[PDB]
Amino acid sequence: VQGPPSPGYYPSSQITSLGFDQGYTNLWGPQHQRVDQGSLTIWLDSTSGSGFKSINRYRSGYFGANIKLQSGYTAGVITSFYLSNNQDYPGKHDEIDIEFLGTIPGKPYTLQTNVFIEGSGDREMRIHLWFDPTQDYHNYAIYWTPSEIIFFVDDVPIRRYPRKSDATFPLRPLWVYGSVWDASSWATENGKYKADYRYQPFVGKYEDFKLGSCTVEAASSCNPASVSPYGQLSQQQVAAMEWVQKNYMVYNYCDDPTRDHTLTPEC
């Protein structure tokens, strides 16, 4: 295993790799978190998962990490990296998600991306990957400006969510989070395979954090990082994103005939 065509531009290579403590602290389950020379390990077992949160609240930016997932049986468990304001607006929040959905032997991990606006999501896109995300660290990133969201895997854009209306786009400040947790009811084949704690702990590893971003109170000149040679995805970037969605996309909410698309007019 064919990988995508080169995107011709490498946003992750233009931003300094950071240790955990330069951007983040633990939020819950500190007993299931360790940091070794900037590299983070968090884990889930029968008693608790763990999650971390950025020190700052942001208005925009480029947010990335190198992440490595657990091999073997991992059904029902989600390893995550996301932007959210759920703690500022409980129940009525915005979120931008990367979620790895655990799996069973013989079947690949699923990477889900999602967007919540004022408390409602249902904006899922799911892909499988062109590499084994348990064998080494791979780069995952969320780019977020007032005009668009772009998700990147190893600097390949896998999805773009443009601003079609204010009501369907995240315009309020977000913090960065990451977690490992039990989503047995839905994560793996819509809940068919659930967490099996015989295989515990379920470990998530994160390092070389990337922040090319703008805090809420940052000087007004602050804007995110270039994500393309131009002011917009290049045709080479677009072609790579197209290949991913052609060859690896397994769900797109816009294409689901069971979904009421009026509830999501950005489609």
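The first residue of the sequence shown is number 1, and the count goes up from there.
As recorded in the PDB entry, 178-186 is the stretch of 81-89 and 178-186 with the greater mean C-alpha temperature factor.
When the C-alpha B-factors of 194-202 and 25-33 are averaged, 194-202 comes out higher.
Residues shown: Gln135, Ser147, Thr113, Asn139. Highest C-alpha temperature factor in the entry: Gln135.
Sorting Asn66, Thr215, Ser39, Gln232 by the CA temperature factor given in the entry leaves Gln232 at the top.
The PDB entry assigns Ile158 a C-alpha temperature factor belonging to the lowest third of its chain's modelled residues.
Ranked within its chain, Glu118 lands in the highest third, by CA B factor from the PDB record. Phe100 sits in the lowest third of its chain by CA B factor, as recorded in the PDB entry. Sort the modelled residues of the chain by CA B factor and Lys107 lands in the highest third.
The PDB entry assigns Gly51 a C-alpha temperature factor belonging to the lowest third of its chain's modelled residues.
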